[PDB]
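Asks: sequence first, structure after; it's an experimental one.
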Amino acid sequence: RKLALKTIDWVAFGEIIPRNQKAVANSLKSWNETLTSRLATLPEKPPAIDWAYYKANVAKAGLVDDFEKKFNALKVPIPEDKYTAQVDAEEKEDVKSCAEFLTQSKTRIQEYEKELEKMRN
Amino acid sequence: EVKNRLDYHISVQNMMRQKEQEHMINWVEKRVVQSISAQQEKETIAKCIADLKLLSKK
């Protein structure tokens, strides 16, 4: 693991015209920050083991080898995705925003500015 | 988590040698400390070296 990245956007937070999440985003960013700091903290890697020399200094040297093989050959799986609708249940609710609220909002605007012109006249 | 049990086995065998070292030693030394004493000639070597002091210091 390894995971990529989007910066704070406070404008975003407030707006969520899916009302059922309005609070959540404020809290959810702060949950994020928990991860953000936590990841920035740690490195990815320990070292490894020179089993040859440790076998020299372990008289039960079989052990070093056995655990060596199992460990070094082993790879444990990255904590696995369960959710990826985020992108989606957004970008669709972002259309929800645009088309649905874009159109209605832009069409309203036009009438306003249309009467003003003649009101400047 | 891996390392410490490996190091434990070594560390115990190390600790287990020293103790065996003192106890071994104690029997070997507590046996033969006694026998040596027949050598008059280490007091032969005391005088001898003692002359190589008494003469050879000044």
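Replies: Yep, it's here. Numbers count the residues shown, from 1 in each chain, chains lettered A, B, ... in the order given.
Asks: the nearest residue to residue A:17 once chain neighbours are set aside and chain B, how far apart?
Replies: Once flanking residues are discounted, residue A:17 sits nearest to residue A:97: 6.7 Å by C-beta to C-beta, 6 or more residues apart in numbering or on different chains. (C-beta placed from N, C-alpha, C; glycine too.) For residue A:97, the distance to chain B equals 49 Å [C-beta to the nearest C-beta, to the nearest Å].
Asks: got it, and residue A:20?
Replies: Distance, residue A:20 to chain B, using C-beta to the nearest C-beta: 43 Å.
Asks: restrict the helix or strand containing residue A:28 to CA atoms and write it as PDB.
Replies: According to DSSP states H and E, residue A:28 maps onto helix A:22-41. Written as PDB, here are the backbone C-alpha positions of helix A:22-41 (Å, rounded to 0.1, in the frame of the first residue of the first chain):
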ATOM      1  CA  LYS A  22     -24.500  17.400   5.200                       C
ATOM      2  CA  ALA A  23     -23.000  16.900   8.700                       C
ATOM      3  CA  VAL A  24     -21.000  13.800   7.600                       C
ATOM      4  CA  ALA A  25     -18.600  15.600   5.300                       C
ATOM      5  CA  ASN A  26     -17.400  18.000   8.100                       C
ATOM      6  CA  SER A  27     -16.800  15.000  10.400                       C
ATOM      7  CA  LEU A  28     -15.600  12.800   7.500                       C
ATOM      8  CA  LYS A  29     -12.800  15.100   6.500                       C
ATOM      9  CA  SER A  30     -11.600  15.000  10.100                       C
ATOM     10  CA  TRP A  31     -11.600  11.300  10.000                       C
ATOM     11  CA  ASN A  32      -9.500  11.700   7.000                       C
ATOM     12  CA  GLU A  33      -7.000  13.900   8.800                       C
ATOM     13  CA  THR A  34      -6.500  11.000  11.200                       C
ATOM     14  CA  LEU A  35      -5.300   8.800   8.300                       C
ATOM     15  CA  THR A  36      -3.400  11.700   6.700                       C
ATOM     16  CA  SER A  37      -1.200  12.200   9.700                       C
ATOM     17  CA  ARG A  38      -0.900   8.600  10.500                       C
ATOM     18  CA  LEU A  39       0.300   7.800   7.000                       C
ATOM     19  CA  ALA A  40       2.700  10.700   6.900                       C
ATOM     20  CA  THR A  41       4.200   9.300  10.100                       C
END
